[PDB]
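Engineer: Got a structure for you, written out below as structure tokens; questions coming shortly.
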Amino acid sequence: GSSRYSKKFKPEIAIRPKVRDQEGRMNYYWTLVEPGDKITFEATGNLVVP
Amino acid sequence: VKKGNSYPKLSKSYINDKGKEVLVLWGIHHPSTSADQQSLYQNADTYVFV
């Protein structure tokens with residue numbers, strides 16, 4: 001969450017084709033934070049953190 | 001459709017080998033009511049993956 005960005009990323013589980021000999025998958029994201037703003041990271045798993 | 005009295009888990013793949021690109025077009029049906037879930041399929045909860 002932030003002052004303008006908000007999205008809940010529900011993890012998904014499935015068998016993907018092997019790329020770089022690894023079964024899993026990972027979606028990377030980015031966002032901008034204005035001066036004097038707040039960004040929030042709340043999760044219970046399946047989250048890589050900056 | 002639900003064969004017999006179940007719709008077991010489905011998993012199958014295709015390996016592109018015909019020296020060029022290939023479109024593979026599919027769909028996801030969205031039945032109107034839970035009775036349509038119970039008739040056209042078998043399990044209420046279900047997931048589609050590609």
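Here, A, B, ... name the chains of the structure tokens in the order displayed, residue numbers run from 1 inside each chain, and ligands are numbered from 1 in the same displayed order.
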Excluding residue 47 (chain A) and residues on its chain fewer than 4 positions from it, collect all residues at most 12 Å away from it, counting only C-alpha atoms, and give them as a PDB file with N, CA, C and O atoms, in the first residue's frame.
Structural biologist:
```pdb
ATOM      1  N   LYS A   8      -3.460  -6.395  -3.684  1.00  0.00           N
ATOM      2  CA  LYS A   8      -3.237  -7.614  -2.920  1.00  0.00           C
ATOM      3  C   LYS A   8      -2.804  -8.719  -3.873  1.00  0.00           C
ATOM      4  O   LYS A   8      -3.543  -9.073  -4.797  1.00  0.00           O
ATOM      5  N   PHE A   9      -1.613  -9.259  -3.643  1.00  0.00           N
ATOM      6  CA  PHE A   9      -1.029 -10.294  -4.490  1.00  0.00           C
ATOM      7  C   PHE A   9      -1.302 -11.640  -3.834  1.00  0.00           C
ATOM      8  O   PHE A   9      -0.624 -12.025  -2.880  1.00  0.00           O
ATOM      9  N   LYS A  10      -2.295 -12.354  -4.340  1.00  0.00           N
ATOM     10  CA  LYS A  10      -2.577 -13.689  -3.833  1.00  0.00           C
ATOM     11  C   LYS A  10      -1.615 -14.685  -4.465  1.00  0.00           C
ATOM     12  O   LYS A  10      -1.545 -14.764  -5.696  1.00  0.00           O
ATOM     13  N   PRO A  11      -0.850 -15.434  -3.678  1.00  0.00           N
ATOM     14  CA  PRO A  11       0.053 -16.430  -4.258  1.00  0.00           C
ATOM     15  C   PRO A  11      -0.712 -17.539  -4.958  1.00  0.00           C
ATOM     16  O   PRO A  11      -1.805 -17.930  -4.544  1.00  0.00           O
ATOM     17  N   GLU A  12      -0.118 -18.048  -6.032  1.00  0.00           N
ATOM     18  CA  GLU A  12      -0.674 -19.164  -6.778  1.00  0.00           C
ATOM     19  C   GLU A  12       0.322 -20.313  -6.786  1.00  0.00           C
ATOM     20  O   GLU A  12       1.539 -20.104  -6.778  1.00  0.00           O
ATOM     21  N   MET A  26       8.144 -16.303 -10.381  1.00  0.00           N
ATOM     22  CA  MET A  26       8.130 -15.133  -9.506  1.00  0.00           C
ATOM     23  C   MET A  26       7.859 -13.869 -10.305  1.00  0.00           C
ATOM     24  O   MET A  26       8.605 -13.549 -11.231  1.00  0.00           O
ATOM     25  N   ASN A  27       6.821 -13.134  -9.918  1.00  0.00           N
ATOM     26  CA  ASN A  27       6.448 -11.891 -10.583  1.00  0.00           C
ATOM     27  C   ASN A  27       7.021 -10.714  -9.805  1.00  0.00           C
ATOM     28  O   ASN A  27       6.709 -10.534  -8.625  1.00  0.00           O
ATOM     29  N   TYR A  28       7.841  -9.908 -10.471  1.00  0.00           N
ATOM     30  CA  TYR A  28       8.471  -8.746  -9.859  1.00  0.00           C
ATOM     31  C   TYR A  28       7.637  -7.499 -10.121  1.00  0.00           C
ATOM     32  O   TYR A  28       7.018  -7.365 -11.179  1.00  0.00           O
ATOM     33  N   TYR A  29       7.629  -6.588  -9.152  1.00  0.00           N
ATOM     34  CA  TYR A  29       6.830  -5.375  -9.219  1.00  0.00           C
ATOM     35  C   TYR A  29       7.689  -4.172  -8.863  1.00  0.00           C
ATOM     36  O   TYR A  29       8.807  -4.301  -8.360  1.00  0.00           O
ATOM     37  N   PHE A  41       4.243  -3.009   3.643  1.00  0.00           N
ATOM     38  CA  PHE A  41       4.416  -4.393   3.211  1.00  0.00           C
ATOM     39  C   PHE A  41       3.881  -5.306   4.304  1.00  0.00           C
ATOM     40  O   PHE A  41       4.524  -5.479   5.344  1.00  0.00           O
ATOM     41  N   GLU A  42       2.709  -5.892   4.071  1.00  0.00           N
ATOM     42  CA  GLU A  42       2.086  -6.812   5.014  1.00  0.00           C
ATOM     43  C   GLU A  42       1.817  -8.124   4.299  1.00  0.00           C
ATOM     44  O   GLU A  42       1.108  -8.144   3.289  1.00  0.00           O
ATOM     45  N   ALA A  43       2.369  -9.216   4.820  1.00  0.00           N
ATOM     46  CA  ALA A  43       2.201 -10.510   4.177  1.00  0.00           C
ATOM     47  C   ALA A  43       2.456 -11.618   5.185  1.00  0.00           C
ATOM     48  O   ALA A  43       3.022 -11.393   6.256  1.00  0.00           O
TER      49      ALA A  43
END
```
Engineer: When you get a sec, could you note down which chain B residues fall within 10 Å of chain A, using only C-alpha atoms, as a ChimeraX atom specification?
Structural biologist: /B:11,13,47-50
Engineer: Can you pull out every residue within 6 Å of residue 41 (chain B), counting only C-alpha atoms, but drop anything in the same chain fewer than 3 positions away, and send it as an NGL selection string?
Structural biologist: :B and (1-2 or 37-38)
Engineer: Restricting it to N, CA and C atoms, dump the selection as a compact mmCIF listing (two decimals), in the first residue's frame.
Structural biologist:
```
# COMPACT_ATOMS: atom_id res chain seq x y z
N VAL B 1 -16.47 -32.45 -20.11
CA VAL B 1 -17.56 -32.46 -19.15
C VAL B 1 -17.25 -33.53 -18.12
N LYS B 2 -18.02 -33.54 -17.04
CA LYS B 2 -17.83 -34.49 -15.95
C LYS B 2 -18.15 -35.89 -16.47
N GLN B 37 -22.32 -25.75 -11.91
CA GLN B 37 -21.06 -26.31 -11.43
C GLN B 37 -21.18 -27.80 -11.15
N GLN B 38 -22.26 -28.20 -10.47
CA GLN B 38 -22.41 -29.60 -10.07
C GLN B 38 -22.75 -30.51 -11.24
```
Engineer: Could you find all residues in chain B that DSSP calls alpha helix (DSSP H) from the backbone, and write them as a list in words?
Structural biologist: residues 34, 35, 36, 37, 38, 39 and 40 of chain B
Engineer: Deliver the residues from the most recent selection as a file, using C-alpha atoms, as an mmCIF file, in the first residue's frame.
Structural biologist:
```cif
data_model
loop_
_atom_site.group_PDB
_atom_site.id
_atom_site.type_symbol
_atom_site.label_atom_id
_atom_site.label_comp_id
_atom_site.auth_asym_id
_atom_site.auth_seq_id
_atom_site.Cartn_x
_atom_site.Cartn_y
_atom_site.Cartn_z
ATOM 1 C CA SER B 34 -23.743 -23.718 -8.600
ATOM 2 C CA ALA B 35 -26.120 -26.310 -10.052
ATOM 3 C CA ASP B 36 -24.306 -25.767 -13.348
ATOM 4 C CA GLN B 37 -21.057 -26.308 -11.430
ATOM 5 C CA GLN B 38 -22.406 -29.595 -10.071
ATOM 6 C CA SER B 39 -23.732 -30.785 -13.449
ATOM 7 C CA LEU B 40 -21.282 -29.508 -16.083
#
```
Engineer: Go through A:19, A:44, A:4, A:49 one by one, measure the shortest atom-to-atom distance of each to residue 31 (chain A) using only C-alpha atoms, and give the residue with the smallest value.
Structural biologist: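 The answer is A:4, which sits nearest to residue 31 (chain A).
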Engineer: In Å, with one decimal, what is the gap from CA of residue 2 (chain A) to CA of residue 32 (chain A)?
Structural biologist: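 Computing the Euclidean distance for CA of residue 2 (chain A) and CA of residue 32 (chain A) yields 8.9 Å.
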